[PDB]
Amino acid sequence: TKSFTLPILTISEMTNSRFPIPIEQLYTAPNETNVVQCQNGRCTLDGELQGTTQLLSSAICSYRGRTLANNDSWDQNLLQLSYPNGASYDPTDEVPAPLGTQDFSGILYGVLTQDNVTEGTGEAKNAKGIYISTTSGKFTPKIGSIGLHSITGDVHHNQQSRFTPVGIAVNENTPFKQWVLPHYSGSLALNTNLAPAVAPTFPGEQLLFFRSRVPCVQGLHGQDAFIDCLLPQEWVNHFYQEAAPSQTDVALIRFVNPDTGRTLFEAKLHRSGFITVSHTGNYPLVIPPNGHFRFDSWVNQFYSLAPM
């Protein structure tokens, strides 16, 4: 039996598994009416990837394929999605959508690049600012196509194109809802192959999130936009490499000062890949920059954590 371990990384040495940006904060909050069912950053403790989760942060909310002109005021072009090797996407794969597809509802903003242009064409002429909205009828990544709304630049028809994500956007009628899953097939079919929803079951416990501030290119004045993941990408990749068998349903872990080994707080790491702590209320944790989690032992799902 290979022993279960965690990476020794500090929180600032880890990446959000739902958007390609660094983790900034540990944050615990109740679920209130949210269904916490994100599809990126989902991995069991014994290394089984779930949902739309893959290994590369540079593939999260990234798309590539061939552009196709579309007669619509919002989506002036569609993107026929292709695998990184170039082959067309296969909707029969047992996944909710292409791996790395955005798992939040609202507008994703980024830059499309296409066939290289001559130097004389002008500055950044092969860069197009794009809104990818999940509330558009053309957002059907499971079927292999998404809608591109151009803001800056001219998107050319029938060119191999790559989309690099930058942030999210909120306009007058499209709020950013990080816990509302997109309809990966639009209205044509229901979502499939989803990683399960997660929630604390033991009274007094709340989920502990790895929190990042995602750039917001429109809306949300005077407030930070947040994307919260259940596992950092480095933990997903570690469990995938190690594939250590899970001895019980819950691994007790301790957040420690690495110099002294002293425990700052303890938490429950559940076998399906999420963390709970004993706290009541919204809470951004105050922790030393050198602290990190350490696997302690395997316990039961109703172990009584020390309050933090």
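For every residue, the number given is its place in the sequence shown, counted from 1.
A summary of the deposited B-factors shows that, of 53-61 and 66-74, the stretch with the larger mean C-alpha value is 66-74. Taking the PDB entry as given, 290-298 carries the higher mean Cα B factor of the two stretches 19-27 and 290-298.
Of the candidates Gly47, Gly261, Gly41, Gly281, the one whose C-alpha carries the top B factor in the deposited record is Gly261. Of the candidates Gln178, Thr121, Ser133, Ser212, the PDB record gives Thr121 the highest C-alpha temperature factor. Residue-level temperature factors show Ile275 in the lowest third of its chain, judged at the C-alpha atom. Residue-level temperature factors show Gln206 in the lowest third of its chain, judged at the C-alpha atom.
For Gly219, the recorded CA B-factor ranks within the lowest third of the chain. Only modelled residues enter the ranking. When the modelled residues of the chain are ordered by their C-alpha B factor, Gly129 lands in the lowest third.
When the modelled residues of the chain are ordered by C-alpha B-factor, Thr92 sits in the highest third.
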